[PDB]
Structures are given as C-alpha cells and as structure tokens.
C-alpha cells in the first residue's frame, strides 16, 4: 500500500513515464500526479507519498525546494530525481546527507525501474522502526 507521487511540468513526460513502468511488478497502490510543486504539496498533504519522483528544475519551484518541504513533513519519504545536463552539480550542492537518487536524461526506463525497486526497499526499511 505504497503511494508514489510523480511530479513534472510536462504531461507528455509523466504519461511516457507511467506508460513505461511496469506497476504490476512494483508494490505501489497509488500513483498521484502533479503539474508543479505548489500542486504536489497540496496533494502530498492530502495523501502522504512514500516515494516522490521529480524533475530537478521546474519554473517557480524547483524539485529541490519541493523535496525540501516534503521532507520537512514526511522524513520517511524517498526521492528520485530525473536530472539533466548539469543538474548534477546542483543536486550535490543542495542535498548533503541524504540519499541522492537520480536518473540521467535521456531517461532510460530500466534505470527508472531500479531506482523504484530500491526506493520501495528503503521505505519499507524506514517503516521498520
């Protein structure tokens, strides 16, 4: 009964993303999704995500600013970023002590399926104390 929150300003992309993941081997039960940060926060507070998947850059509220408040109130949540050209330098400057999981554009949907298998594992682990 895990919820995943997929956030990305590009409908084309969340749809490609969902279309390419095999949810029937994963342990999710809910897939929420969000146009933007403000929009994902509204949703998270209604339905706490166990896992968050997001673009690093996003007008008017980065994925960093986003995970940031998400973690604020759900420390227990794993994050997977879909990261671009030099979003990598960026990730490292902002995170620090925390499980930087990312996937390099051009996204390969195999890589994204590991990060997900592993996220789930992490969350189950947190759920253990």
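Residue numbers count along the first chain shown, from 1.
- Between the stretches 116-124 and 16-24, it is 16-24 that shows the larger average CA temperature factor.
- Annotation for 95-103 versus 70-78: the higher mean temperature factor (C-alpha) is found in 95-103.
- Of the candidates 44, 38, 52, 58, the PDB record gives 58 the highest C-alpha temperature factor.
- Sorting the modelled residues of the chain by their CA temperature factor places residue 32 in the highest third.
- Compared with the other modelled residues of the chain, the Cα B-factor recorded for residue 62 ranks in the highest third.
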